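Here the structure is laid out as structure tokens; the discussion comes afterwards.
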Amino acid sequence: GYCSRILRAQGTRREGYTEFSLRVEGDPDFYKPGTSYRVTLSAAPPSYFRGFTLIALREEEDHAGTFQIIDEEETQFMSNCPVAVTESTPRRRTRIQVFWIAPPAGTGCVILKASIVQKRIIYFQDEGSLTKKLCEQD
Amino acid sequence: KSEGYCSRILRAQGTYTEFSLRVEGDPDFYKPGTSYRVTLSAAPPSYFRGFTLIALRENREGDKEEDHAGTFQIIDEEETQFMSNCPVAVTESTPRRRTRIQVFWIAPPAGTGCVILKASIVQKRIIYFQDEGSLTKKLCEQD
């Protein structure tokens, strides 16, 4: 896209299931328009991350719901790409969380995508454990 | 030995634009012993987290300390540092999102010959540097 290009500039592609996981609490099968979901990004022990990004896109542009910050000490909108969420400061973390408010009916499938930096290498993928797709109910 | 300092600093073989490496005053040539201000910057709305900066004798690979020329000097010790595996190279100390970093580089003695200052924004175990483009600047003796 455009934010995507910025977010991937220094990136190492690692597809599939990895020690870093993007999940939605309650493991929903689909989204309901306008519902808020708690999205989490975490490291399996003893791993951690120092930085991340998180973006939602339409299956690709950006009328893809709305993030809402839960923890201002740990996370913020990225000024470079205001629709994306990112760390407030580099520091070792094992979990971050945010709200995502599902878009209006007729939007179609949304893909939530996270990138992760632990030390120097920035990891991203198109599919796997940093990727969560949710569609409207069949 | 099989594992010297700078073993992970290499030249890309075969073949970006938002990112620029610049020497303050944009000198044509270098004067030995002078301190030059060198900045890596991202054009808005771009950013980088880590980076690696080196200065090489022209036509050298970079993977031996003896390939490197002049002396980098740290300005912001908080979040830039010398690379522990290659003490003549400069890197970030944290993966903070950045739009600019700066260092001094003291030019080498008369007779050193042309130097290529090079930055890389690609963060991998092996760091490949481009021979030309926006992340490199060549400086020869002003002579």
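Shown for chain A, in order and in Swiss-Prot numbering: 42-100, 107-185.
Structure determined by X-ray crystallography, 2.0 Å.
Placed from the backbone N, Cα and C atoms, the Cβ positions cover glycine too.
Features of the protein shown, as given by Swiss-Prot:
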- A:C44-A:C128: disulfide bond (DISULFID)
- A:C156-A:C182: disulfide bond (DISULFID)
| query | Is there any among the disulfide-bonded residues A:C44, A:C128, A:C156 whose Cβ is under 8 Å from chain B, and which ones, in sequence order? | reply | A:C128
| query | Once you note that 6 residues are missing between A:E100 and A:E107, how far is one Cα from the other in Å? | reply | 5
| note | A:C182 (disulfide bond) falls, by DSSP collapsed to helix, strand or coil, into coil
| said: On a simple 10 Å Cβ count over all chains shown, which one of the disulfide-bonded residues A:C128, A:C182 is most densely packed? | reply: A:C128
| field | Distance from A:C156 (disulfide bond) back to A:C128 (disulfide bond), taken between C-alpha atoms, in Å | value | 21
| query | For the disulfide-bonded residues A:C44, A:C156, which Cβ has the most other Cβ atoms within 10 Å, all shown protein chains included? | reply | A:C44
| request: Give the helix, strand or coil assignment DSSP yields for A:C128 (disulfide bond). | output: strand
| At the level of the C-alpha atoms, what whole-angstrom distance separates A:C156 (disulfide bond) and A:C44 (disulfide bond)? | 19
